[PDB]
Undergrad: 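I'd like to ask some things about the structure below.
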Amino acid sequence: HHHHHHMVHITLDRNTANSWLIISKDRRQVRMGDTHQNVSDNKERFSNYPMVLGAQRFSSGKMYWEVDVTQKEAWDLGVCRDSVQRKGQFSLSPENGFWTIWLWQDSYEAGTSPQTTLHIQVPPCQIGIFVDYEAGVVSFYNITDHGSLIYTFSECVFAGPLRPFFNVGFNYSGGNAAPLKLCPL
Ligand SMILES: CC(=O)N[C@H]1CNc2ccccc2C1
């Protein structure tokens, strides 16, 4: 792809994080802790899942960023509405304000309702995310496989400001402790 020139510097918003998450001092990395991280509860924190939002809000333009997923077994990535539900159980779908892909149990799927199978020959170590607000497009790229397209959500109805969206996943296996990292420009 040729989206690299729309690169934006994303930082994570501590106040939105599930209380188990550890965000690095530079606000560029997040991982699962082995316990509650000794923060107060608030209405913004994701309660049920190890999720966090980026601080940046997008309402126009073209935006691109990259995330490192090396050696993780499970994760969700993409964008969401600023007003997505934070508490209780919910599915990742455009109807609920999320435009995401994920890895789970050795298969990759797009967060449509119902979910769509992805066809990935080279397991990605880094994912590129491209948003065109005006066009209503969210696209995902395999940086490990020379930038090959993973999935395009088109005809998106954002219906609000967008935030970068992250889920580090559960670590019940002991094989998913690795962080999500925002990669340098
Ligand atoms: C080993 C592991 O993944 N433990 C879960 C427990 N439960 C839980 C609930 C919300 C957010 C994160 C978590 C972590």
Side-chain angles (χ1 to χ4, degrees), residues 10-58 65-118 120 123-127 129 138 140 144 150-151 153 160-183:
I10 302 304
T11 60
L12 298 174
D13 179 353
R14 292 185 175 291
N15 288 340
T16 71
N18 175 274
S19 62
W20 287 79
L21 297 183
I22 304 173
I23 290 165
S24 61
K25 177 166 50 178
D26 66 2
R27 298 180 308 103
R28 299 274 285 170
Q29 313 191 15
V30 56
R31 64 186 185 88
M32 178 62 172
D34 287 345
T35 188
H36 186 293
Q37 295 307 127
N38 202 33
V39 293
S40 60
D41 209 357
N42 72 54
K43 66 185 207 175
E44 302 177 71
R45 295 197 187 288
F46 289 99
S47 61
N48 288 48
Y49 312 103
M51 292 166 178
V52 59
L53 306 186
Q56 289 71 36
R57 281 50 151 10
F58 301 123
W65 63 96
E66 293 182 354
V67 185
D68 193 299
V69 300
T70 297
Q71 66 141 143
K72 291 191 67 55
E73 297 176 345
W75 48 261
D76 315 320
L77 289 173
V79 291
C80 63
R81 288 186 198 138
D82 61 348
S83 56
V84 294
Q85 174 191 348
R86 306 306 171 83
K87 305 310 182 178
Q89 291 163 97
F90 55 86
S91 34
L92 299 175
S93 62
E95 308 99 90
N96 290 337
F98 299 90
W99 296 268
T100 62
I101 68 170
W102 65 75
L103 173 59
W104 170 249
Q105 299 192 162
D106 209 30
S107 76
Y108 298 90
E109 301 176 322
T112 57
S113 189
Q115 67 253 54
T116 301
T117 297
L118 301 173
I120 295 193
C125 299
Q126 298 90 31
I127 299 290
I129 304 176
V138 186
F140 299 83
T144 305
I150 297 169
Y151 192 78
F153 291 90
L162 292 175
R163 298 184 65 178
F165 173 80
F166 309 85
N167 185 356
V168 297
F170 296 116
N171 187 30
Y172 291 106
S173 64
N176 197 37
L180 295 174
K181 307 189 188 169
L182 283 155
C183 313

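Numbering of ligands and ligand atoms starts at 1, following listing order. Numbering starts at 1 and runs along the sequence shown.
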Undergrad: Considering only protein heavy atoms, which is closest to atom 14 (C) of ligand 1, and at what distance to one decimal place?
TA: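 Minimum-distance protein heavy atom for atom 14 (C) of ligand 1 reads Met32 CE, 2.9 Å.
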
Undergrad: Under a 4.0 Å N-O cut-off, is there an ion pair linking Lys87 with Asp41?
TA: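 Looking at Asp41 together with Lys87, the answer is yes, because their closest N to O distance falls below 4.0 Å.
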
Undergrad: Give me the ring orientation class for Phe90 and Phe98: parallel if the planes are under 30° apart, tilted from 30 to 60°, perpendicular past 60°.
TA: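 The arrangement is parallel - the two ring planes meet at less than 30°.
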
Undergrad: Just which atoms of ligand 1 are under 4.0 Å from any heavy atom in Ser47?
TA: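 What qualifies from ligand 1 is 10 (C).
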
Undergrad: Should you measure from each heavy atom of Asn18, which atoms of ligand 1 turn up under 4.0 Å away?
TA: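 Result: 10 (C), 11 (C).
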
Undergrad: Can you report which non-hydrogen protein atom sits closest to atom 12 (C) of ligand 1, along with the distance?
TA: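 I find the closest protein heavy atom is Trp20 CD1, 3.6 Å.
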
Undergrad: Identify, by atom number and element, the atoms of ligand 1 in contact range of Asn48, meaning under 4.0 Å from any of its heavy atoms.
TA: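 The atoms of ligand 1 under 4.0 Å from a heavy atom of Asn48 are 10 (C).
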
Undergrad: In a check of side-chain hydrogen bond (donor to acceptor under 3.5 Å, both in side chains) between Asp68 and each of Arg28, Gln29, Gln126, which one passes?
TA: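 That would be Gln126; it is the only one of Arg28, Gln29, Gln126 passing the side-chain hydrogen bond (donor to acceptor under 3.5 Å, both in side chains) with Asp68.
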
Undergrad: Around atom CG of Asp106, are there more than 12 heavy atoms of other residues, nucleotides or ligands at under 6.0 Å?
TA: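 No - once you tally the heavy atoms of other residues, nucleotides and ligands closer than 6.0 Å, there are 12 at most.
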
Undergrad: Of all the non-hydrogen atoms in the protein, which one sits nearest to atom 3 (O) of ligand 1, and at what distance?
TA: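 Minimum-distance protein heavy atom for atom 3 (O) of ligand 1 reads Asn171 N, 2.8 Å.
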
Undergrad: Parallel, tilted or perpendicular, judged at 30° and 60°: which one describes the rings of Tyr151 and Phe153?
TA: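 If you compare the ring of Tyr151 with that of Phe153, the planes turn out perpendicular.
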
